[PDB]
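Chains as they are written, first to last, in PDB author numbering: chain ZO, 1 to 39; chain BO, 351 to 400.
Structure first, commentary second.
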Amino acid sequence: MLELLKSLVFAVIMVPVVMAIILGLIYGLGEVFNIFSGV
Amino acid sequence: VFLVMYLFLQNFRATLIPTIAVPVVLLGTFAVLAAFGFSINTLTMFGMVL
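Right, dumping it as structure tokens:
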């Protein structure tokens, strides 16, 4: 009960940020593939 | 897993459907292990976590 609120608050923060790096790699690989294939 | 399903389906009455399937599968796997004589050990719990 004591650390339960902190555990929940911590659980709320990974999901958006991890999703964010996921979009980060999709964006980066998309752009790098575009520039590589442009030549 | 429950939190990410709720956030990415935006309906608690809809996200309750898959969440209650987790205990069913876990307990059924426990029963299957019991039927085969296997014992609850760290490896089996790692398999369930995966």
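All C-beta atoms, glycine included, are put in the ideal place defined by N, C-alpha and C.
Do three or more CB pairs link the stretch 355–370 of chain BO to the stretch 379–386 of chain BO at distances below 8 Å?
-> Taking a contact to require three or more Cβ pairs closer than 8 Å, the stretch 355–370 of chain BO and the stretch 379–386 of chain BO do not qualify as touching.
Would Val17(ZO) count as contacting chain BO if we go by Cβ distances under 8 Å?
-> Interface criterion not met: the Cβ of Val17(ZO) is under 8 Å from no Cβ in chain BO.
With DSSP as the reference, label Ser7(ZO) as helix, strand or coil.
-> When DSSP states are grouped into helix, strand and coil, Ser7(ZO) belongs to the helix group.
Span of the alpha helix (DSSP H), counted from its first residue to its last, around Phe358(BO) = Membership of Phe358(BO) in the alpha helix (DSSP H) is indicated by the continuous run 352–359.
Closer than 8 Å, CB to CB, is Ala20(ZO) near chain BO or not?
-> Chain BO contact via Cβ: absent.
With a cut-off of 8 Å on the beta carbons, I'd call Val15(ZO) and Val399(BO) a contact; round off their distance for me.
-> Rounded, the Cβ-Cβ distance is 18 Å, inconsistent with contact.
Could you tell me whether the Cβ of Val372(BO) comes closer than 8 Å to any Cβ of chain ZO?
-> False, the Cβ-Cβ gap to chain ZO never drops below 8 Å.
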